[PDB]
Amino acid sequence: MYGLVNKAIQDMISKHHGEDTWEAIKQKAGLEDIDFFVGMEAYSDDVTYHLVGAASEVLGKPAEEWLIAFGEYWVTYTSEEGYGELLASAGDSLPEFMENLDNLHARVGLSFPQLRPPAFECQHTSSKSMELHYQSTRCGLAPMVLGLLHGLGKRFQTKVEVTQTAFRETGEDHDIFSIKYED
């Protein structure tokens, strides 16, 4: 993934647990030689998955739990590190934002030429619920999606209830979530 993602990971760990913890995680992930991540540079996805795994071990959290926190963090990170207006432009409610997400990544993809963005499709079941289809070229990121949804809930001051109903890993087509939301 682009370096931006790996910077966000470093920033979250550093902010929440301090530099020493970050250094131990970076070492454990096999990344000691990397002085810094370059935000607009493409990295092997392996870099990210190794950080997740190292973080899980060092912190003693399940990786899924950690990815949820990271997904929630991304919503704040992007808004603060150069993508605040882009985020704002994607809307002011959760369902509108999710409808706009493919278009938001299309916009990101203008600047990040090698982007492999997720694809999100909403099927609205009422004015307060939807089925969310999450399609990706990557494995294992559903828990990050769960966190992202909670970050968006906070962003829009909306209570979000999210349950995963289909699993990419289990050999189903793609991840699906049922979501209820209320002001």
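Start at 1 and count along the sequence shown; that's the residue number.
- Comparing 14 to 22 with 162 to 170, the higher mean C-alpha B-factor in the PDB entry belongs to 14 to 22.
- Between 46 to 54 and 27 to 35, the higher mean Cα B-factor belongs to 27 to 35.
- When the C-alpha B factors of 128, 133, 116, 61 are read from the deposited coordinates, the top value falls at 61.
- Of the candidates 110, 75, 104, 98, the one whose C-alpha carries the top B factor in the deposited record is 110.
- Among the modelled residues of its chain, residue 92 has a C-alpha B-factor that falls in the highest third, as given in the PDB entry.
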